[PDB]
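Q: Mind having a look at this structure? Questions to follow.
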Amino acid sequence: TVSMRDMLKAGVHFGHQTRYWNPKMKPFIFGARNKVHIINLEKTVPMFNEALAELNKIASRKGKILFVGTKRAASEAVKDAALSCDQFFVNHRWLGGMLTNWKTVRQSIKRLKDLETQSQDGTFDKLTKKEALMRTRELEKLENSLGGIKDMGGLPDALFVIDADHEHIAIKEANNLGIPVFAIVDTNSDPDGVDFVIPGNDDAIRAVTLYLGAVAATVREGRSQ
Amino acid sequence: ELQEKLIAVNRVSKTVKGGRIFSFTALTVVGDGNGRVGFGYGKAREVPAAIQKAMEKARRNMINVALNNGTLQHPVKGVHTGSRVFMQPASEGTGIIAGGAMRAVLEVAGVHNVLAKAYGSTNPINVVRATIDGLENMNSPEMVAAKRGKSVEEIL
Amino acid sequence: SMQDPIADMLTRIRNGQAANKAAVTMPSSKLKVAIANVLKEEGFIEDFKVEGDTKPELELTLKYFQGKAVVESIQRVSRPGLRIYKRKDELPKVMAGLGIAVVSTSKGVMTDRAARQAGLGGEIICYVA
Amino acid sequence: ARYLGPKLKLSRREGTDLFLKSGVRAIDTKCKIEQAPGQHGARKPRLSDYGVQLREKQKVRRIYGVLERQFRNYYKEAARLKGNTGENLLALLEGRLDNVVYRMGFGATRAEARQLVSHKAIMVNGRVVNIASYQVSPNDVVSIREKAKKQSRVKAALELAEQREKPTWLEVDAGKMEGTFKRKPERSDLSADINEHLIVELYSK
Amino acid sequence: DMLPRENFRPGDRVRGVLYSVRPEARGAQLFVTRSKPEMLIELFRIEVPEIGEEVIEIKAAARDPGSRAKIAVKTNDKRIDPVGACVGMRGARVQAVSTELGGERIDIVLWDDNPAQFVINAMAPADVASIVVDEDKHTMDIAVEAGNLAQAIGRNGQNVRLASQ
RNA sequence: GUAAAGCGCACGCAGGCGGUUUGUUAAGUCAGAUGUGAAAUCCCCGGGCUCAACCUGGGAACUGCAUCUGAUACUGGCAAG
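Below is the structure:
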């Protein structure tokens, strides 16, 4: 679906510097221009397409997708992507054992929900100023952490990731439980934990956005189906 | 349907400013009497709790083992840390000839007939692990055929 | 110094299997070639290819099924330090028949089963599983 | 050379009914079959791996009334013989003359049968056999001799047997008082509760 | 709203989902119906600890109430026994959960990736030689031996109805 | 490597091992046969003492050694590369 030219324009073909590479990414690498590794778009594209297809399929059976990206450059974008296809996301720091330790995190989520309710639906007001402030702070904290996953209910049936090396904890968790992983994997990253590897530039913003958008579209399509 | 055997329970200590805090480790192993086996190692201040924990652990992260009838498919070595283990398939009637922790794992796995020696260390936790490894690695005839690009009759 | 070429070859093969190498090249020898052929027949490798005139290089092409390697184990048995010769009744069964034992007999190098069928034993080169 | 003491005690120890009493009166009425013997009966902590095996061994031995050396010998024989070891052992045990007699129904208990055998009541192929351990073969007719045929105990035993299930591997005649050991019994024909495998393991220490 | 045979008596507790408050004379009163599949569903949710934590998901819950029931559930990619976790010790979840329904004959059943397997796993406890389900009009056709057919049918087609539902 | 255990380092006779190709030999190796490998014992199938131990018929075994006839991939010898 996503063309090669577009990818090139975005800056998918660019990778990291040669000294920071992983030799498990040697198949997906093409060459090294100006001492910086170039990802092979001929090998990338089909894989990407396959991944997209898989995602679509998942969506079709009413699968829950989780969008992970805690880089802070593409935190805004990932959330947007998630919301477009009304799916869940973790745009700020992944809580260690979010999925493996769901049952504890389910309590946190509940608490957050309660807080939200108190804030909005109650309309009681009349609260001690320090206490109120504290409550507000707590709410903020919760929202930041678990805003995207509050309506997830259980565990997701697939896990889309913007960087494998950065979100390794998440990936690891997904492997322990057996959730399918769809990781964007730059030359420095490790592809071994990832099920459906996508060789591409995690760092560049435009590229990331592109990666998101197609995925979102596919999810939407699946839903429609 | 699942059978579960607590292999060993051991008291372990942690020294603190006051004195010694004691705790209990429970090594269990569970199986369905067919290929599926899983050991669990649980720890708690009281024994029963620890045992329960171990059981819970065991019940998740199980592992499948290809069993030709009541016995193994071929002689298999398995090692883990000190404990290195040899186990050899044996004729119907012979029973589980194996010692300690190793026996328990076999029993749950639903092997009925084995000749099995534990060389090296016999530290229950390690030896059970070794046994599990051995079981896991052990390939079937069908599997081997698949691997090699042949039929089962070609391999015999 | 290089003392055992067959052994070396075996080692190379093993390393290839470990490291997920597609093909493994080495200096060719007749015995080595024979061994390779046997392996191919038994289905542990994809294909072997000798190439060169003056100093020819045997190139084996290793096999991988469902990610992992095909040659699970591969040991020399006879070795220059200590030779092993078996009579047709004393011939082994590798992995209870699932693996093979390369055995050099008067009628060429063959798998253990083949040797048994023939009705002859010999020098046991290697077990492969 | 025989166990001469309390029979129900043994049963209690085992846990099960060993059939050491005729079965006119139910075992629960005669003794606390659930409670183990002695001062410390009500206490019942889980046994060891060795211990369970030992218990199992005892049970089997108790059932047939075979002392240890003899049992060991039998086990050895079984091992020597082709096929499944435990099964073989079981077959051997069955094959005992006294056991066969009991099965037929000429003895109320196995003990009774043994006694009868001892006292030159039983014949195997028309020849008086006195040994309780005598291994009865396939197609070997085994009968009460004309002297012992008048005994009231024998008829009682027969009656008891008739209430009890008939084994498939024999064929007995109540009027003629002669049974044919047709074949050595299959494992399926025997009781399922006996873990022969445990016994085998115990001796394979 | 109650069972056909199971007659309640005072001193016996009953848990149910209440669904209506109809305004009667001199004020309204609460009304329940403790016969739906929602009741057993929430009972097993309160029973199973893996049900909350998303280790296993309850795919389908089908109940002829009081008489016979079959629910198909799977593990959410954990290599975990869903019947073994939702059963507890010796049925000590579900046989307790059946006590919530008042004597339900409930079957936890397996389920796999493709829908075909689910339908084949929803025919338990009965073997299925071959299954020809119509891709057009939802009409899955299962074929096996008479012995399995009897167990695949049941009394008034309970197993069939359950599976079909 | 740290648990007992790498000579302080080298050279080097005896010894052990020895890249690759062809030919030849047939020592090692393998195959078959012949002779022998006492009987008893062990093991298998039987038979006899009421059973058993015990006795006992026939077999198998005694993994070897010697000789003869083959096989020649591998190791060795010899000859050429």
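Protein sequences, first through last, are from chains X, R, A, P and L.
In this text, residue positions in the first sequence follow the numbering used here: the first is 1, and each later residue adds one.
In this text, residue positions in the second sequence follow the numbering used here: the first is 1001, and each later residue adds one.
In this text, residue positions in the third sequence follow the numbering used here: the first is 2001, and each later residue adds one.
In this text, residue positions in the fourth sequence follow the numbering used here: the first is 3001, and each later residue adds one.
In this text, residue positions in the fifth sequence follow the numbering used here: the first is 4001, and each later residue adds one.
Quick reminder that beta carbons are idealized off the backbone N, C-alpha and C, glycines included.
Output needed in chain order: residues of the stretch 3080 to 3095 of chain P with a Cβ under 8 Å from some Cβ in chain R.
A: Cβ contacts with chain R: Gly3083, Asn3084, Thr3085, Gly3086, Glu3087 and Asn3088.
Q: Under the DSSP definition of a beta bridge, which residues are partnered with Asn1010 (chain R)?
A: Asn1010 (chain R) is bridged to R:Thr1025.
Q: Going by the beta-carbon positions, is the gap between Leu52 (chain X) and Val215 (chain X) smaller than 8 Å?
A: Yes; because the gap between Cβ atoms is below 8 Å, this pair is in contact.
Q: Do you know how far the Cα of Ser60 (chain X) is from the Cα of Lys103 (chain X)?
A: Spanning the two alpha carbons is a distance of roughly 27 Å.
Q: If contact means a Cβ-Cβ distance below 9 Å, which residues of the stretch 1072 to 1105 of chain R contact chain P?
A: Taking 9 Å as the Cβ-Cβ cut-off against chain P, the residues of the stretch 1072 to 1105 of chain R that qualify are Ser1091, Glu1092, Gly1093, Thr1094, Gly1095, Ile1096, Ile1097, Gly1100, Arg1103 and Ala1104.
Q: Any C-beta of chain X sitting closer than 8 Å to the C-beta of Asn4076 (chain L)?
A: Judged by the 8 Å Cβ criterion, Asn4076 (chain L) is in contact with chain X.
Q: For a contact meaning CB atoms closer than 8 Å, what does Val3200 (chain P) contact in chain R?
A: Residues of chain R passing the Cβ test: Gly1093, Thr1094 and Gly1095.
Q: Select from the stretch 2027 to 2054 of chain A all residues with a C-beta closer than 8 Å to any C-beta belonging to chain R, and list them in chain order.
A: So the close ones are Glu2042, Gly2043 and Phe2044.
Q: Shortest alpha-carbon distance to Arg19 (chain X) belongs to which of X:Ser189, X:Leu133, X:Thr44 and X:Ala170?
A: Of the candidates X:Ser189, X:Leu133, X:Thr44 and X:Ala170, the one whose C-alpha sits nearest the C-alpha of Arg19 (chain X) is X:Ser189.
Q: Can you give me the Cβ contacts of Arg2012 (chain A) inside the same chain, cut-off strictly under 6 Å, excluding the 5 residues immediately before and after it?
A: Cβ neighbours of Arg2012 (chain A) beyond the five flanking positions: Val2024 and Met2026.
Q: Can you look up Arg3096 (chain P) in the DSSP assignment and give me helix, strand or coil?
A: Reduced to three states, the DSSP call for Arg3096 (chain P) is strand.
Q: Considering only the alpha carbon of each residue, which of P:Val3024, P:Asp3140, P:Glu3014 and P:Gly3015 lies closest to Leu3160 (chain P)?
A: Closest option to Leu3160 (chain P), Cα to Cα, is P:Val3024.
Q: Please go through the stretch 2011 to 2047 of chain A and give each complete beta strand (DSSP E) segment of 3 or more residues, from N-terminal end onward.
A: Here the runs fully enclosed are 2023 to 2027.
Q: Taking 8 Å as the threshold (C-beta atoms), are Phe48 (chain X) and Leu66 (chain X) in contact?
A: Their beta carbons are not under 8 Å apart, which means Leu66 (chain X) does not touch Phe48 (chain X) by this criterion.
Q: Determine whether the beta carbon atoms of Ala3108 (chain P) and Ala3156 (chain P) lie at a separation below 8 Å.
A: Taking 8 Å as the Cβ cut-off, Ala3108 (chain P) and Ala3156 (chain P) qualify as a contacting pair.
Q: Determine, for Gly1149 (chain R), whether the minimum Cβ-Cβ distance to residues of chain A falls below 8 Å.
A: Answer yes: the Cβ-Cβ gap between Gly1149 (chain R) and chain A drops below 8 Å somewhere.
Q: Below 8 Å between beta carbons is the criterion; list the residues of the stretch 4014 to 4031 of chain L that meet it against any residue of chain R, in chain order.
A: Of all residues in the stretch 4014 to 4031 of chain L, none has a Cβ within less than 8 Å of some Cβ in chain R.
Q: So, for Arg4105 (chain L): in the same chain, excluding its five sequence neighbours on each side, which residues have a beta-carbon less than 6 Å away from its beta-carbon?
A: Closer than 6 Å at Cβ, skipping near neighbours: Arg4068.
Q: With C-beta atoms as the reference, is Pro3045 (chain P) less than 8 Å away from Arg3012 (chain P)?
A: Not a contact, by the Cβ cut-off of 8 Å.
Q: Quick check on the burial criterion: 16 or more other C-beta atoms within 10 angstroms. Buried or exposed for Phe3106 (chain P)?
A: Classification of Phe3106 (chain P): buried, given that the 10 Å Cβ count is 16 or more.
Q: Output, in chain order, the set of chain L residues within a Cβ distance shorter than 9 Å of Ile179 (chain X).
A: Residues of chain L passing the Cβ test: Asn4076 and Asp4077.
Q: Is it buried or exposed, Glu3014 (chain P), if we count other Cβ atoms within 10 angstroms and call 16 or more buried?
A: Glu3014 (chain P) should be labelled buried.
Q: Name the DSSP bridge partner or partners of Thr70 (chain X)?
A: Partner(s): none; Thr70 (chain X) has no beta bridge.
Q: Using Cβ-Cβ distances below 7 Å, what residues of the stretch 2081 to 2104 of chain A are close to chain R?
A: The stretch 2081 to 2104 of chain A vs chain R, Cβ under 7 Å: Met2095, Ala2096, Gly2097 and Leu2098.
Q: Who are the neighbours of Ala1146 (chain R) on chain A, taking C-beta pairs under 9 Å?
A: Within 9 Å Cβ-Cβ: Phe2065 and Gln2066.
Q: Taking any Cβ of chain X, which residues in the stretch 4052 to 4077 of chain L have a Cβ under 7 Å from it, in chain order?
A: Answer in chain order: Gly4052, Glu4053, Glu4054, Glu4057, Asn4076 and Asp4077.
Q: Do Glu2123 (chain A) and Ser2104 (chain A) have their CB atoms nearer than 8 Å?
A: The answer is yes: Cβ separation under 8 Å.
Q: Hey, would you say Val2070 (chain A) sits closer than 8 Å to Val2094 (chain A), going by beta carbons?
A: The answer is no: Cβ separation not under 8 Å.
Q: For a contact meaning CB atoms closer than 9 Å, what does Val2109 (chain A) contact in chain R?
A: Within chain R, no residue comes near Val2109 (chain A); the closest Cβ sits about 19 Å away, beyond 9 Å.
Q: Could you tell me which residues DSSP puts in a beta bridge with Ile1063 (chain R)?
A: R:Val1037.
Q: Quick one: is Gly4084 (chain L) near chain R, going by C-beta distance under 8 Å?
A: It does; some Cβ of chain R falls within 8 Å.
Q: Alpha carbon to alpha carbon, what distance is there between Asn3084 (chain P) and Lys3007 (chain P)?
A: About 31 Å.
Q: If we ignore side chains and look at the alpha-carbon of each, how far apart do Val4017 (chain L) and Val4048 (chain L) end up?
A: C-alpha separation (whole angstroms): 19 Å.
Q: Rounded to whole angstroms, what's the CA-CA distance from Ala4028 (chain L) to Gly193 (chain X)? Just pull it up for me.
A: One C-alpha to the other measures close to 60 Å.
Q: On the DSSP letters alone, give me the boundaries of the alpha helix (DSSP H) that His3197 (chain P) sits inside.
A: Element bounds for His3197 (chain P): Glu3196 to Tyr3203.
Q: Please name the residue, chosen from L:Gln4117, L:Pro4065, L:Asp4112 and L:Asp4012, that lies closest to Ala4129 (chain L) on a Cα-to-Cα basis.
A: Of L:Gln4117, L:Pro4065, L:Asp4112 and L:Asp4012, the residue nearest in Cα terms is L:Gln4117.
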